[PDB]
Structures are given as structure tokens and as C-alpha cells.
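All Cβ positions, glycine included, derive from the backbone under ideal geometry; neighbour counts span all protein chains shown. Taken together, the values in this text are just the output of simple stated rules run on the coordinates, not laboratory data.
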Amino acid sequence: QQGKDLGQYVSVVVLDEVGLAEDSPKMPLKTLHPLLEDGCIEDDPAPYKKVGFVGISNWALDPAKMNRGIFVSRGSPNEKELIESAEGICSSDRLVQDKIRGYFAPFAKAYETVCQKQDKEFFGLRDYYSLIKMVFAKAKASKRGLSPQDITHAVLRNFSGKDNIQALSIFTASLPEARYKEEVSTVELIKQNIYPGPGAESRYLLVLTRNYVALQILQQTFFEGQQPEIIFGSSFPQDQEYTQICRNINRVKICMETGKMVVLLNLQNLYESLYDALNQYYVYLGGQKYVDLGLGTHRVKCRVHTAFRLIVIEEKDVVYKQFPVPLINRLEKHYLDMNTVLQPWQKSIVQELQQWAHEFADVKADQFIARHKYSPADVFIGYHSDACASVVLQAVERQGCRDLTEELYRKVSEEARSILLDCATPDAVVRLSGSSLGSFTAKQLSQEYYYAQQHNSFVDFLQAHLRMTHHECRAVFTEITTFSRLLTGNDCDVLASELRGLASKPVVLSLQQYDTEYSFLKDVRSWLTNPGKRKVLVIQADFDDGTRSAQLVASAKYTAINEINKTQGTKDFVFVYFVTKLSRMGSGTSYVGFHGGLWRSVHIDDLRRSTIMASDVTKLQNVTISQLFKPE
Amino acid sequence: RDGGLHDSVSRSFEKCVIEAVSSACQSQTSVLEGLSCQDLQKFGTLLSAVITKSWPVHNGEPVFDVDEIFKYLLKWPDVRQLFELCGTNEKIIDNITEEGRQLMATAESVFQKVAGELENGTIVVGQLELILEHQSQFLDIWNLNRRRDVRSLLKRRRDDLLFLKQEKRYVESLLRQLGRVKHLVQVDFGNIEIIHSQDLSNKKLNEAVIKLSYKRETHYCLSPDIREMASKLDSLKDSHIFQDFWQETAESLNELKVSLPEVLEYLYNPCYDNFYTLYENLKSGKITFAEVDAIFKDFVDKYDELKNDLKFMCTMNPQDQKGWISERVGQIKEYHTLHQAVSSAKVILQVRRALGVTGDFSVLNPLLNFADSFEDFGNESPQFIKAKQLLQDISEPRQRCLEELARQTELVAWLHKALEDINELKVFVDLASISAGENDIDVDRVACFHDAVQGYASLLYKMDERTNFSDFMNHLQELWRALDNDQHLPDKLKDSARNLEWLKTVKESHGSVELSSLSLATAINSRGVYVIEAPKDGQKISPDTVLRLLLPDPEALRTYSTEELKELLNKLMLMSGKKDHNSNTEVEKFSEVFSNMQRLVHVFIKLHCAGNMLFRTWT
């Protein structure tokens, strides 16, 4: 404000949540009384120091600071004010307005019933307003009145997420015509948020999750072609939190002006920098919409592309305990764990697959003097408690047709068993003849472990994998578990010697050597900018060392996937191989794998091709040792 | 074959067939369809498997609830083959299971109780909806429990159901028509609103459908005249004209608790009389143009909905609709085109007034002479048709385009003063990109101005001072082609037009003393020096008083603290990306050098607070 005409220009301080700073122990609003007098502490009053002041708040304030100014307060809009706000939304088209004018009063009474019946303040005014906006949009689009399908989708998109609230029960107790009977999945509601069909813009998503498993589902199912740009709390050591917040806001800003999706795994670090973008309140210039993004005290209007969607993925418990009530009221809650997306026959395949895995593991052979019982976590590496819902959802997404047939059911079962067998150790495949599954199924599982699958070496797996025709895939992400040593650099030269006609000098990155995310990106961009078709990336972590390279894995995966999606051209194919080294002494069992999403899980026991032995232990298994020494 | 109770391979085969039946029941495929299984023991095991495994289990194997068992009977198609091959041969039920026959007994008890509430009308009406949407399966199970009339009973119950549904629909339309006027008046719905608020898990004989012929129902209407009021509101609730008449009649009445049967003659009959009066006016078309633009003001640019609305008016008086609708639709449409031609001619006279193009047009004189003329007839103005031939497809869109030339006189004054042709724009744009800011609004002003003047360059650069109508329209056609690839062109013209202060001071700008954040980042990345010292004063060892940045440039230098470099980093992360990667690598270099320096400050303060005496005086 200094050095300017104070009759043609004013600067206004806007404090945005002064109700939160109210009974704070640091007492920041105690400063507020001498700053509204003359705008200076321990200084003389002057021009250009008295500034305008607006304080917006959602939590209450005491008027002992607001005797200094004018205080406006509202409790809650009552029922006629809700109907007036609904007509104020619908005022842009009067035909549709007095088409759907019959629904403004049952929706208002039903929303008041929801606001009484809910326990914690979860559903708010923007839910009701977005209900009116969705209903108005659909009745403009149809010009037919309103189907009960439209009303049940608008209610069920805008009032969901909370478990002990039956939304359709309340909103169709009032009006009895829209008793839509066939079920509406959370899948299709989330999909019609993420992919709309063309100021009528929906809110963004808050996908609430049990045990982080929703991003796996959204990557397996919804993300058609264009992967979003996952914006995440990088767990590389020696990263500064401040520069990561700055770079995350830079990536949100670029994705806003581009028109591509983001997925926010850390909203609580970014909410202060994004709260005006989530409010969906744009300013226009030439038909371009502009929203306020901030960093620290620096707020600027940034361009929002007309097709930009945002998903916040968050745990349900964290949303219910953390996540301030204004932030929940902007983000169109839906819940997505695994019992959501699995239809009940797929849950039967999950149960049958768990029994099959326990029968694969449990062998009855006391011909050797020992005593050890085999968990399926010892046998299938990466197996954990869930671990079969993941496998069944991978198999279903491999099928494609998805009508329950008994010819579909059989191949979902057999693909799920193939996915499990692809992470089994070969000694368990040898033990498999002493198992409850029978010698015939034991034989056919050994057949399609040594002839249909490729577990011999890492270079055999590459040679049968690079020759595959991966349809609609620019990048292929495979996680590999091993008990042999990691590749050293001579092994990379030998590996590139065998891959001369197929690959483009595979680059082996070792994950223990990267302090910062930037140096990891420096090597990933170094690999990506080199010319060639079918270039290969190998990222290596050993879990059994003094390095803590076990929580760098998700950061490395997300970082590589984001840089590949924003950096790869159109000609080249990209092959990423995360190699993880474990041990028989305990880490092969404690390991949690079958990370779904876009990562295919493979256990290759010995990464190196062996000159000594035959690469099929069945041929070693029918002979005895003396027959190994028979001459010509 | 079978080998008795002791043959263990037959016990394994029976356990495997039970697992195959359970697998074919977790999938919704049919187990038994054409199974010649003449050995009755193994056929009984198949039937016991399909009963026990296809049963609706939820949190417990038996179901102590009748309706889910009845939905199971109606929906699952192995139930009818089950009851058929159970009943047509009496030698099969004897060897099912104790438990399988318990579930069979529960199945026939549920079907007998529900379908025993069906000869009498005591059925809960949800189950009636169920059996009517599941007719063929219900008929087959009814035949198998009758062989151990129906179809006339189903048609009778069907027609009583349809009558109840349309009466509930009539009461719904009545409630919503009287609910559109809740802030005007209020009506007491007898006791119909509490009956209509009930769920339909109600028994069907509670809808009172008795005689002594006529179907009286639990929506007990005070008269059949209120019932036909509800029917004609339900047929006219989807007519916007009737909603206008309803609203103005409800406004004509003026804490007013009004009984229902006086609403019929207070509010429904005069509204219906005025509505039928307008209908019979539109029959022979003796309505005036004053009532046309007083009623149909919402129906401009929209003529499928007016087609449907006139069909809804025609369904009022039940006769034919052959030549009444389309002539009036076209006539109101032509009146709308005449009035949009009036507004278009007014704004086109405004644009030749503000643009300065005097010329002479000599073609839109009677069409403005008619705007002061007021005539009252419903006939086709024919001499204006040829006048409409020179304003055929301008639009009710695109007219803001001309109007945006009409209001921005100061903009076209400045553009004729300071641009003079198309080819100076490309230096001015390149001179404005320097003078605009760094953020995303400020940079896009240049592209707004560029796109706006290249869209309106067909008029504000090239129009001669004297023109006829012909070249004026023949270059407005090029204006509309230059519009159809950018619909936001009036927005760009108005947005640049309210940026004329900046657009004037583009070329009169002095050397601005301001460091853009990209230029300051390049200066720091090329000649800046970071300094760590742990200051020698009585200050603390916070990271804001340990790090400095020295920027040498007339040999002065500038000292940036840590928070000023953070402020620069924020401004630099949020600035508009110039789509070049030298800027990206300067921003990324500054970011990474600052991150590494801040990590060094962190380790330095840790060594200082640990108490080290080696890095006590380190710089």
C-alpha cells in the first residue's frame, strides 16, 4: 500500500479461519487489537499502514475482539431459505426450474433430516447445493422431467461416504415416487465423477479407504489410458518438507493448466495451499477460469483447464478424526475398500482361492526327519492377509468380458491360480506332490510353472517378456522378488549382452544410493532421454541390510511412474523391473507383496542363468544322483 | 455307479458333486436342465445339494424370514425344476435329506402363506409387485402346488394394482401442484398427505376396493370431482403455460389455512377456464401479438418443447391434432424471428454509429418503423419476410459479438489511433509480453488482446468509412467464421477493453525497476554466493540467521536472507510456465541448490548445538 494514492487503492488483509486461532495457546489474535487501530506494533501511526480487514471463519469468535468491527453471523438456513437457495441456483433456466420445482421442498426437508440424524458434522450445505446443481443439469440435459434413476444418482453421489446414514432412505421417505430398486455401485458413481460427459462443474473426489487399497483399485479399473499424476508424500530421506510442498503445488499447478488428473495421498500437508481451488470458485478472463493457488503468503490465480479432476485418497478413520469439517464438505465422499468392487461371486473366488493356497502350502511328508508346517506366506512370496482379493481383482481385469457365465467364472479362478503360482518358490512346487491337491493337479501346476511361466532367470524372463504384445500399454511395471544376489554391474553388462536384439542397454538403479528424490529423478530422466525403442529400467532394493531401503520403494515406484507418464514419447516402450532381494531366514515370509494396481508380481529365485545345472528341476527330479554320472 | 455306504470313492464323488453344485450355485448357472439321472439315490443327492447350496444364506444358514424365501422361489430357475421333479414322481422326495426336506417344507409353507393371501386380497402389495414382475415362474409353481382359476385372478389383481398406482400418481401431482404454492398459500390435504406418506408394505384389502363396480381406495377423495381435478392436473403439470396460469391465479388470491374442496373453485376452475380460453383463442388464431409476447416469452429459441407443450394442451380437450399445432409453432417462431431482427437491427445501427462507418444502408428502415408500431392480430410483415432475408441467420447468439463492438468505443478509438493495421499487432504483442506480469492472469492478457483483435480484424481494421449493406454482411460472415473456432471472443474483447490502461502504457512504459523471479533466479544461479557463518553477534543459531545469499551486481551487492529466498521460491513455483525448458532448468537449479544449502545449514546447526568447537568458527 505504500507509495500509492490511498483514495484509489487499498490493501485488505483477509484472515481465513480466525475461529481456529481463537483459544490457541500461542494467542495470535491478541495481536489483532492494536493492528486494527493503526496497523503497527510499537510504531507511530502513519498513512499506508491502516489496511482493510476481512476475517472469515466457520468456528465462532468472541465479540470482545469484534467490538472493533462489524460482525455478521448466521446459524443455519431454514427450510424456506433452502428452497430460496435452490431456486437461486435453478434461476438460469425457467423451464427446467418449474419442471423440478416440485423437488425443492422434499430435498430441503430430507437434508434437514440428514443434518439432524448425523452425529459428527459431516454432510453440509454444499452437498445440498450440489444435489440441486446435479438435478438441474440432468433435467436440462434430458428435457423429459426427472427419472428416478437421476434422482437416486444425484442423492447418492452427493450424500455418501458416511456409513451410519442411509441417504436414499431419508430422501425417498419424503417423496415416494423415486424408489429406484436396482442397485447403484460406488464404481459407477466414482466413474461418473472422474469422467464426465459434455458453471456446471462437480466437486472433486474424496475416496475413503480401508488400508490404502483404493489406489490399487483405481489403477486396475478406472484409469483408462491416461494415468493420473500421483502427488504424494515422498519418503526419501534427507528431503526437506518445505521444498516438497513447493514442488507438489508446482505439479498441481501444471496439471491444472494442462487438464490431467491428480491423486492426492497427502491432503493434510497441501490443504492450506489448495483450499481455494477445492472451493470451485473461479474468476474468468476470456473464457478461461482462474483459481487461487497459494504458497506461504503468495496467492496467485492459476489457469484451470476445463477437464481437470482431482481425487483425494484417504483413510476413513483419518477423515473421521482428522480432516476439518469445512474440508469434508467440499469433496464428494465415496467409500472404496475391496468389498465394494468385488461382486459376490468374486468373493466366493477369494474364499476358494484361500483354501486352494492353504492346500498348496500344507504338505504331508515326514519321510525326512524334520518338523515344519508351511504357511502359504512361506510358499507364495508376498502373500499376506488380503492378498487374494488383490489376485482375483487382477484376474477379473485380465478377463474383460465380465458377465457371469460359468465359462467366465472358471477362467477367473484359473487366472487367479496362475497369478498365485507366479510367486511360488520352486521348492514348494517340488513339495507340491505331497500336498492335498493331488498328484495330478500337482503335476499340472509344475507344468505351468516350468513351461508356461518363466522363473528360470531374470534374463529368461526378460526375453519372454519383451517379446510379448502388451496391448494399450506404453509402460509395463513388474515387481520381482529374488533370493539370489542383486545385479552388480558386471551382471548388467552380461544382461545387456543377451538383450542386444530386444532391449536398449538396461539401466540398473540401486535404491540405497539415493538420498533425495531429485537425484533419483536425475537418473530416471537420464534413462528416459536416451534414444532407443524398448528401453529397460531395473530398480533394486535389498531388504536384509542395514539400509532402510524398504520404505523408499513406494516413493521410487510413484516417482518412476510419474516421470514415465510425463516424459515418455510415443515411439518407445518402457519396461520397469523393481527387483527386491529377500532371504529364507525370515524376510521372505514377513514380506507383504501382491501390490496390485499396475504392478505384476513375479518371484524369480535365482536371477542369474546357470551354466552348471539344467533349468528344469523336474528333469533332475526323475533321475537319481548316480544317473547324473552316466557316460555316453 | 455306487457301492453303498462303505465305498469311499463314491463318497469322494458325492462330495465332489456337492462342490460342483455349490460352484454352479455361486455362479448363477442352471444345474438341473435335462438331467436323466434315473438312479434315484444320486439324483436325490443332487436335489439335496441344489436346495442346501442355492438357499439364500445371509449371516446364518436358515432363513426365518418369509419374503426372501419367496423372492428365492420366484427368481431362481432351479426351484421350478426342483418342485417338478419332486412332485411328478413321489419316489424322489423320500431320500433327499432331513435338512433338505426341512428347507423344502419351509419353501412350500412360504409359497402357501404368500400365495394363500392371493385368492383373498390380503397380499402385501410389494409381494404383488413381485409376482407380477415374475409371472411365468409363479404360474408354474402355482400349477405344481395346485396339481399337488388363477390367471383371471392375476388380471383382476393387476388391474386393481394399476388403479392404485394411478390414484397415487394423481394424488402425487395434486400434492406437488399445491406444493409449488407453499409460500403463497397453504392447503390442508384432509388426511390424504398422511396416507400418501405411508410405505407400500400395506395389505391390498386396506385399499378398500369394494362395491355395492367402483374402486374406492385409501386415498379417499372428498369427491370424484377432486379426482378428475387431480387427473387433469396430472395431465397438465408438464405444461409450462399451465404452470404460468396456475402461478398467476394463485397470486390473484391475495396465514391462509385453506381447505381442499374450495381450492377447486377458488384456484383450479378459473385457472382452467383461462387456460381453455387461451386454447380456444389459439384454435382459430384470433389471439393478439400482445398476448403472444406476454405469454410465450420463455419459449424463444426452443420449439420442440413448444411442440410438446401444445400437444399437452391438445390432450386437454380430447380431439385430433393434425393441422393446429405446426402452423402456430411456425407463426410464433416467425414472430420471434421478426423481433430478433428488430433487436439485431437496433444493435447493428448502434455498431455503425459507434464504429464510425456512416455509409448508407437504406434497408432496415421499415423494420425499425415497425418497432414503434403496435398491431393486434394473429395473421402473418410479409414484406418483412424479404427484410428477414437480409437478417436470416445472424442469431440470438453472435449478437453479443456485434454488441461488444457497440459498447467498446474507447477500445476501437485506441485501436484506430495506436495500431492502424494488422501488422503492428505482432510487435505490440511482443512488446506487451515484456510489460505484462509473470503470473497466469497477467500473461494471458496479451493472448486475450491478440485473439480479440484478430477475431475482430474483419471490422475494426478494414472497414471503409462508406459502405453499403452488401460488403458489411459479407465481412460479418467472415467475422462469424472467425467466431466459430473461439466462442469466447466477446469475452476476450471486453476483457482487453477493460485493460486499456495497461494497453496504453505498453509503449509509454519506462524502464521498470522490478526483478522478475525468473531473472532473479538466473542472477542467483549465475553470480550468487551462499554464505554460512554462525553470526558473531549476540544472535541465535536459527537457520534464518546462519545462511545468507550475496548477489553482486556500481559495485554494490544485495543480501538475501533465508525467508527472502523462500519467498522467491514460492513466487517461482507459482509463476506462469513460459513453455520453455531453459526457464525450467533455471528454476530447478535454484530449487536444488537452495535445498542442498538448507540441508547444510541444518547439519551445521546440529553440530553447533551438539557442541563441537570445530565447526564453531567454520564458514
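Points worth noting:
- Contacts under 6 angstrom Cβ, first residue in segment B:448-469 being within 14 Å of chain A (Cβ to nearest Cβ) and of a type outside the set (A, V, I, L, M), partner part of a loop (DSSP other than H, G, I, E, B) and crowded, with 17+ Cβ neighbours inside 10 Å, 6 or more apart: B:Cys448/A:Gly286
- Residue in segment B:314-323 that is within 20 Å of B:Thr288 (Cβ to Cβ) and assigned to a helix (DSSP H, G or I) present: no
- Applying the condition of being assigned to a loop (DSSP other than H, G, I, E, B) and within 27 Å of the chain's Cα centre (by Cα) to segment A:498-542 and asking which residue is surrounded by the most Cβ atoms within 10 Å (Cβ to Cβ) yields A:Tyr514.
- Filtered by the rule that a residue be β-branched (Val, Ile, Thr) and within 19 Å of B:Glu380 (Cα to Cα), segment B:277-327 gives B:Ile287, B:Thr288, B:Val292, B:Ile295, B:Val300, B:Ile325.
- Of note, A:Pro106 satisfies the criterion of being surrounded by 12 or more Cβ atoms within 10 Å (Cβ to Cβ) and more than 22 Å from A:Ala200 (Cβ to Cβ).
- In segment B:147-166, residue surrounded by the fewest Cβ atoms within 10 Å (Cβ to Cβ) [restricted to those that are farther than 25 Å from B:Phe245 by Cβ and within 14 Å of chain A (Cβ to nearest Cβ)]: B:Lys165
- Candidate set: segment B:188-209, residues that are in a loop (DSSP other than H, G, I, E, B) and surrounded by 14 or more Cβ atoms within 10 Å (Cβ to Cβ); chosen: the one nearest to the other protein chains (Cβ to nearest Cβ): B:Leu200
- A:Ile313 fulfils the conditions (1) closer than 17 Å to A:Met256 by Cα; (2) in a strand (DSSP E or B); (3) aliphatic (A, V, I, L, M); (4) away from chain B (no Cβ under 14 Å) except for a single criterion, (1).
- The requirement of being aliphatic (A, V, I, L, M) and part of a helix (DSSP H, G or I) is satisfied by A:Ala556.
- Residue match in segment B:377-395 (condition: over 27 Å from B:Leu310 (Cβ atoms) and among the aromatic types (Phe, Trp, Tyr)): no
- Subset of segment A:276-310 [among the small types (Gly, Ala, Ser), within 14 Å of chain B (Cβ to nearest Cβ) and in a loop (DSSP other than H, G, I, E, B)]: A:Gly286, A:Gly287, A:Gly296
- Counted as qualifying within segment A:1-118 are the helices (runs of 4 or more DSSP H) with 2 or more residues that are within 30 Å of A:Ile151 (Cβ to Cβ), namely A:79-90, A:94-97, A:104-117.
- Residues of segment B:498-545 classified as under 50 Å from the mean Cα position of the chain (by Cα) and of a type outside the set (A, V, I, L, M), total: 15
- Only residues that are closer than 16 Å to B:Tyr220 by Cβ and either in contact with a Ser or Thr (Cβ under 6 Å, 6 or more places away or on another chain) or facing chain A (nearest Cβ under 9 Å) (or both) were counted in segment B:173-187, giving 1.
- On the stretch given as segment B:520-578, residues that are assigned to a loop (DSSP other than H, G, I, E, B) and away from every other protein chain (no Cβ under 14 Å) total 18.
- Residue selected from segment B:475-517 under the condition over 15 Å from B:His450 (Cα atoms) and of a type in the set (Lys, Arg), by the criterion nearest to the other protein chains (Cβ to nearest Cβ): B:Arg481
- Some residue of segment B:286-298 being in a loop (DSSP other than H, G, I, E, B) and within 32 Å of the chain's Cα centre (by Cα): no
- The set of residues from segment B:21-38 being away from every other protein chain (no Cβ under 14 Å) and exposed (fewer than 10 other Cβ atoms within 10 Å of the Cβ) comprises B:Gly34, B:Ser36, B:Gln38.
- Candidates are the residues of segment B:211-225 that are of a type in the set (A, V, I, L, M, F, W, C) and touching a helix residue (DSSP H, G or I) at 6+ places or on another chain (Cβ under 6 Å); the one that is farthest from the other protein chains (Cβ to nearest Cβ) is B:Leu222.
- From the list A:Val430, A:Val391, A:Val412, the one residue that fits, being among the β-branched types (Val, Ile, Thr), within 21 Å of A:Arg600 (Cβ to Cβ) and either away from every other protein chain (no Cβ under 14 Å) or exposed (fewer than 14 other Cβ atoms within 10 Å of the Cβ) (or both), is A:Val391.
- The set of residues in segment B:397-411 that are loosely packed, with under 14 Cβ neighbours inside 10 Å and assigned to a loop (DSSP other than H, G, I, E, B) contains only B:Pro397.
- Top-ranked residue of segment B:601-619 - restricted to ones that are over 17 Å from B:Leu550 (Cα atoms), part of a helix (DSSP H, G or I) and among the aliphatic types (A, V, I, L, M), ranked as farthest from the chain's Cα centre (by Cα): B:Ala610
- Some residue of segment B:9-20 being farther than 25 Å from A:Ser348 by Cα and either out of contact with any helix residue (DSSP H, G or I) (no Cβ under 6 Å at 6 or more places or on another chain) or within 14 Å of chain A (Cβ to nearest Cβ) (or both): yes
- Search result, residues across segment B:54-76 that are assigned to a loop (DSSP other than H, G, I, E, B), surrounded by 15 or more Cβ atoms within 10 Å (Cβ to Cβ) and not polar (S, T, N, Q): B:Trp55, B:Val63, B:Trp76
- Comparison of A:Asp605, A:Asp572 shows that the only residue that is in contact with a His (Cβ under 9 Å, 6 or more places away or on another chain) and of a type outside the set (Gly, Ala, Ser) is A:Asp605.
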